[PDB]
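Residue strings, one per chain:
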Amino acid sequence: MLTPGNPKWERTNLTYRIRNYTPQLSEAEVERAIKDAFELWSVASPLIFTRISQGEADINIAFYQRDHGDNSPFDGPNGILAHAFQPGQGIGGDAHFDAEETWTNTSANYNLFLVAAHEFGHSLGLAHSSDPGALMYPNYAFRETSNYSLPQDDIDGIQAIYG
Ligand SMILES: [Ca+2]
Ligand SMILES: [Ca+2]
Ligand SMILES: [Zn+2]
Ligand SMILES: [Zn+2]
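Conventions and cut-offs
Residues numbered from 1 in each chain as written, not as in the entry; some residues may be left out. Chains lettered and ligands numbered in written order. Heavy atoms only, no water. Helix = DSSP H or I, 4+ residues; strand = E, 2+ residues; numbered from the N terminus. Buried < 20%, exposed > 50% of the residue type's maximum accessible area, 1.4 Å probe, protein only. Contact = heavy atoms within 4.5 Å. Areas by Shrake-Rupley, 256 points an atom, 1.4 Å probe, with all protein chains shown as cover. Salt bridge = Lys/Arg side-chain N within 4 Å of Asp/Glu carboxyl O. UniProt positions renumbered as here; feature names shortened; annotations may be inferred. Donors = N, O, S within 2.8 Å, 3.2 Å for Na, K, Ca; no water. Polar contact = N/O pair within 3.5 Å; in protein donor to acceptor, adjacent residues only side chain to side chain.

S.K.: Just to check I follow, could you spell out the overall build of the protein for this structure?
M.R.: Helix and strand content of the protein: three helices and five strands. In the protein, the succession of helices and strands from N to C terminus is β-α-β-β-β-β-α-α. With the principal axes as the frame, the protein shows a C-alpha extent of 35 × 35 × 30 Å. Classification of the 163 residues of the protein by burial places 47% in the buried group. Considering only residue pairs separated by 6 or more positions, the protein has 66% of its internal contacts joining residues 24 or more positions apart. As displayed, the protein offers around 8,100 Å² of accessible surface, 46% of which is attributable to carbon and sulfur atoms.

Set out below in structure tokens:
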């Protein structure tokens, strides 16, 4: 499902920056979750993601609580977990995570890798899917992560935008 107006990135080598972290995972564990979330999309498209440690990146990633400057506030534990902006300059592409969640790398609610993988779909121009097996389904569901691969519906979706 592709977003109304089909916003898409014009370049396929995009940068990202992790602006801050969550105390419930090590910094390394957050960096891995994020790296692997991008790689899912990279191996199904021509997109190549490059991390930068400082300065201005295409996709900023941050953990924030409640009001955090973009007029879409987070809501405390549970409920909304994260959100992401469609491709564009500035805030476009960026992905925010609710700092008040329990973030994990386990089956326990909420696996950061899974949530980030979903948000980056939005960052790249995908909408929600109605397929309950799709990563882009609106509601979180745990799936095994140790050798995770994009569900077929999400491959279909990114290929429709980027080939
Ligand atoms: Ca951006
Ligand atoms: Ca929340
Ligand atoms: Zn936000
Ligand atoms: Zn979503």
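S.K.: Explain the pattern of salt bridges here, please?
M.R.: Side chains that carry opposite charge are capable of pairing whenever their charged atoms lie near each other. Counted according to the given criterion, the structure contains four salt bridges. The shortest N-O distance in the salt bridge between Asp58 and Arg11 comes to 2.9 Å. Here the residue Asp58 occupies a position in the loop between β2 (48–51) and β3 (59–64), and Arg11 occupies one in the segment before β1 (13–18), the gap between them amounting to 47 residues. When its relative accessible area of 15% is taken as the criterion, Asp58 is described as buried. Judged by relative accessible area, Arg11 falls into the partly exposed class, the value being 42%. For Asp36, the salt bridge identified is with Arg32, shortest N-O distance 2.9 Å. Of this pair, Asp36 and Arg32 both sit in helix α1 (residues 27–42), four residues apart, roughly one helical turn. Taking the relative accessible area as the measure of exposure, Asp36 reaches 30% and is therefore partly exposed. Judged by its relative accessible area of 47%, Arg32 is partly exposed.

S.K.: Is there a simple way to think about the UniProt feature "active site" in the protein in this case?
M.R.: Taking the UniProt record as the reference, the feature "active site" is found at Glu119. We classify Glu119 as buried; its relative accessible area is 7%. Among residues more than four places away in sequence, those in contact with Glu119 are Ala82, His83, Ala84, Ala95 and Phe97.

S.K.: Explanation requested: the coordination of the zinc ion (ligand 4) in the structure shown.
M.R.: Tetrahedral metal sites with four donors have an ideal angle of 109.5 degrees; octahedral sites with six donors have ideal angles of 90 or 180 degrees. Coordination of the zinc ion (ligand 4) by the protein involves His118 (NE2), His122 (NE2) and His128 (NE2), with metal-donor separations of 2.0 to 2.1 Å. Mapping the donors of the zinc ion (ligand 4) onto the primary sequence yields the spacing H-x3-H-x5-H. With a gap of four residues between them, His118 and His122 both fall in helix α2 (residues 112–124), about one helical turn apart. One exposure class covers both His118 and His122, and it is buried.

S.K.: Is there a simple way to explain the side chain of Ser45 in this structure?
M.R.: With respect to the helices, strands and loops of the structure, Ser45 is situated in the loop between α1 and β2. Polar contacts involving the side chain of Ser45 include one to the main-chain carbonyl oxygen of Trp41, which spans 2.6 Å. For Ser45, the contacting residues outside a window of four places in its chain are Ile158 and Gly163.

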